[PDB]
Amino acid sequence: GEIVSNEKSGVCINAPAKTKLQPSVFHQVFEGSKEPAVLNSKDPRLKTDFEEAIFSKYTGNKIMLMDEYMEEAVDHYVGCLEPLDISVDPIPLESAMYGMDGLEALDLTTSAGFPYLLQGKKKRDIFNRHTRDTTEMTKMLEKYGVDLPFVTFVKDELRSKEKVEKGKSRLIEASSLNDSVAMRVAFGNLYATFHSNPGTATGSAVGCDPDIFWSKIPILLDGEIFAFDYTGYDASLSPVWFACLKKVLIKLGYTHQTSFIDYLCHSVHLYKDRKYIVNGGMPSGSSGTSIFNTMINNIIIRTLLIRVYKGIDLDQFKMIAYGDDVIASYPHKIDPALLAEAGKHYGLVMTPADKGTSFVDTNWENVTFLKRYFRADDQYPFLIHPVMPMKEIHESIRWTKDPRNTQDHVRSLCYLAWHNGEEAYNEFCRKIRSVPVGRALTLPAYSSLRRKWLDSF
Ligand SMILES: Nc1nc2c(ncn2[C@@H]2O[C@H](COP(=O)(O)OP(=O)(O)OP(=O)(O)O)[C@@H](O)[C@H]2O)c(=O)[nH]1
């Protein structure tokens, strides 16, 4: 990803200077070091230029036409997807807006994007989940069209003290409501297929249920495990990776809808009173960002494997990925340090899994996926617990954007926490009930959460 242009947009995007994250009632109870991310360049916590930091993710492009490894990697991934029988047909407008089998309704809580945010117009002024009306969206598609700019927001989230000082805040590139809906029309059936088929054919975990799907993961990835980290994955994508993705879509039957992939690769963005064009890089908050980044990751690993290892047999290779996060398997040991050496040739920055200093071996006890660990059950060791560290749950419970939502928040964290055991769950359930706001909530018991968990298999 490279910013090839920066011009005067003609409009102004005014984002708020103050974060919505306020310390919660549990700010003192539990310990934590994360603070709200830097949103403006005048934040006293800064220790370097804000706009230099947030845009430095664009490290440049490796301009190249698809090499032979990419072509073979593309074919193999197409071969894995062939039995899924993906329909390139478009889904009706009502389903793209309000949902169908395997596709949740479009999220109404986020920005409608350009130009609606400049008109005091929100998604609920066009969308109406109760009536499921489409006439307003049809008129809006007719009036403002497609291939509209993205709106760059600083992501208002918790970050480490280190990333607060270095200004490493993340960005949301919010698609126009027109382009999200139109893209969901073009690729909706593919989204549904992926969401309903997490595994090693899709190589995807998007739309999965960790409670259910964690047990299938070690069965699918039944060989020598390896994993690694990406630094700035989305923005590091060169256009050639978008070309591979296009060739995958073409082999599945897509024709005119590959234009949406061009729309993500060569993208227009609005930030403040600026209008900048990025050559390459995946936008953060486009519809289908997760899946297309997941499909591109399938192409990347395969490409690197063929390039590094001489007589690799991709039909013995298996992987599951969610955006940049990937867990992979091969019968013989694969060293990610050698793969990273090849990924730098393509502009990819691959580093040891989970911020480690060294490249050490990956096993079913240290490996994580979607921040969660793998721990088998004691009574049913064939059932694998997805274990979110209590650390992440403490960092999260300590802040809130809406103290009215404390109940939903805490119980959401209870669905994640009880996988750490009876000891951790009740310690965390006891510390919550240690303040007046706590015991007023409804906290499920360890035995009850377990009851529904095992009833699902
Ligand atoms: N910018 C952005 N990235 C997102 C978002 N959601 C998921 N991501 C992914 O998360 C990655 C950003 O992770 P960071 O917190 O910046 O960490 P990092 O890029 O791996 O950098 P290091 O942690 O130092 O290695 C991006 O590469 C995206 O692929 C989002 O809303 N905005």
Side-chain angles (χ1 to χ4, degrees), residues 73-92 95-107 175 179-217 219-221 230 233-234 237 241-242 244-255 257-258 260-261 263-265 282-302 314 317-329 369-370 372 386:
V74 162
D75 284 326
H76 185 260
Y77 188 39
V78 168
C80 298
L81 301 173
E82 234 133 42
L84 298 164
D85 214 78
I86 296 168
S87 163
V88 304
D89 288 330
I91 60 167
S95 297
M97 297 177 58
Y98 302 104
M100 65 171 190
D101 257 329
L103 188 69
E104 281 170 51
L106 189 66
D107 179 16
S175 278
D179 284 295
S180 287
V181 174
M183 183 181 295
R184 286 159 70 89
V185 170
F187 295 106
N189 282 323
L190 170 133
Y191 297 164
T193 296
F194 267 63
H195 294 160
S196 64
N197 291 286
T200 53
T202 61
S204 171
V206 178
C208 87
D209 183 349
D211 289 338
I212 303 166
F213 183 60
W214 242 237
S215 291
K216 313 190 77 226
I217 289 179
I219 305 177
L220 306 166
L221 305 167
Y230 283 105
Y233 174 92
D234 293 13
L237 298 185
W241 292 123
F242 294 83
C244 299
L245 179 54
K246 289 225 286 284
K247 203 161 270 178
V248 167
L249 296 172
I250 286 141
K251 291 164 182 274
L252 300 172
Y254 292 111
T255 47
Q257 318 91 313
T258 58
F260 293 98
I261 308 306
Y263 150 78
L264 304 173
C265 185
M282 181 71 69
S284 69
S286 153
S287 167
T289 299
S290 289
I291 285 188
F292 291 140
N293 279 332
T294 307
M295 297 182 67
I296 289 178
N297 211 348
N298 273 272
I299 302 168
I300 285 173
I301 309 323
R302 290 173 167 84
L314 291 180
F317 164 75
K318 281 176 283 183
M319 62 170 283
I320 301 169
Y322 196 136
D324 64 321
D325 204 355
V326 56
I327 176 68
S329 175
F369 189 54
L370 317 187
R372 298 157 165 85

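What you see below is based on every heavy atom in this structure, not just the backbone, and it leaves out hydrogens, waters and symmetry mates. Positions are given from 1 along the sequence.
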Between the side chain of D325 and the main-chain N/O of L370, is any donor-acceptor distance below 3.5 Å? yes

Go through the steps to decide whether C208 and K216 satisfy the test side chain to side chain contact (heavy atoms under 4.5 Å, CB included), and finish with yes or no. CA-CA 11 Å; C208 87; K216 313 190 77 226; over 6 Å; no

Test side chain to side chain contact (heavy atoms under 4.5 Å, CB included) applied to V326 and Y233, step by step: CA-CA 12 Å; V326 56; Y233 174 92; over 6 Å; no

Please report the interatomic distance CZ(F242) to CG(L249), rounded to the nearest 0.5 Å. 12.0 Å

State, with a plain yes or no, whether a side-chain heavy atom of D211 is found less than 4.5 Å away from one of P386. yes

I'd like to check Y230 versus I300 (side-chain heavy atoms, cut-off strictly below 4.5 Å). Are they in contact? yes

Are any side-chain N or O atoms of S286 and backbone N or O atoms of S175, one a donor and one an acceptor, separated by less than 3.5 Å? no

Under 3.5 Å, is there a donor on one side chain and an acceptor on the other for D89 and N189? no

As a quick check of understanding, evaluate side chain to side chain contact (heavy atoms under 4.5 Å, CB included) for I291 and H195, giving each step before the final call. CA-CA 9 Å; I291 285 188; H195 294 160; 3.6 Å; yes

Which heavy atom in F213 sits nearest to a heavy atom in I320, and how many Å separate them? CZ-CD1, 3.9 Å

Using 0.5 Å steps for rounding, measure from the OG atom of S284 to the CG atom of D234. 7.5 Å

Quick one: CD1 on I299 to CG on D75, what's the gap to the nearest 0.5 Å? 10.5 Å

What pair of heavy atoms forms the shortest contact from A205 to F369, and how long is it? CB-CE2, 3.5 Å

Look at the side chain of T294 and the backbone N and O of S290, then say whether any donor-acceptor pair between them is shorter than 3.5 Å. yes

Rounded distance [0.5 Å steps], OG in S204 versus OH in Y191: 12.0 Å

Does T202 offer a backbone N or O that forms a donor-acceptor pair with the side chain of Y77 under 3.5 Å? yes

Given the rule in the ring-ring contact (aromatic ring centres under 6.0 Å, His included) test, do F260 and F292 qualify, once you have shown the distances and angles that lead to the verdict? CA-CA 11 Å; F260 293 98; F292 291 140; 8.9 Å; no

Main-chain N/O of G203 paired to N298 side chain as donor or acceptor, under 3.5 Å: yes

Among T258, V74, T255, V78, which one satisfies side chain to side chain contact (heavy atoms under 4.5 Å, CB included) with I250? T258

Correct closest heavy-atom pair for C80 and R302 would be SG-NH2, 3.5 Å

Can you tell me how far OG of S287 sits from CG of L106, rounded to the nearest 0.5 angstrom? 7.0 Å

Minimum heavy-atom distance between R184 and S95, given as atom pair plus value: NH2-O, 4.4 Å

With a 4.5 Å limit on heavy-atom distance, are the side chains of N293 and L237 in contact? yes

In this structure, which one of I91, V88, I86 forms a side chain to side chain contact (heavy atoms under 4.5 Å, CB included) with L190? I86

Spatial distance of atom CD1 (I261) from atom CE (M295) [nearest 0.5 Å]: 8.0 Å

Looking at every heavy atom in both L81 and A201, which two are closest together, and how far apart are they? CD2-O, 3.7 Å

From the options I301, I327, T200, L220, select the one residue that forms a side chain to side chain contact (heavy atoms under 4.5 Å, CB included) with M319. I301

Give a yes or no on whether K246 atom NZ has more than 12 heavy-atom contacts from other residues, nucleotides or ligands under 6.0 Å away. yes

For residues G323 and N297, report the shortest heavy-atom separation together with the two atoms involved. O-ND2, 2.9 Å

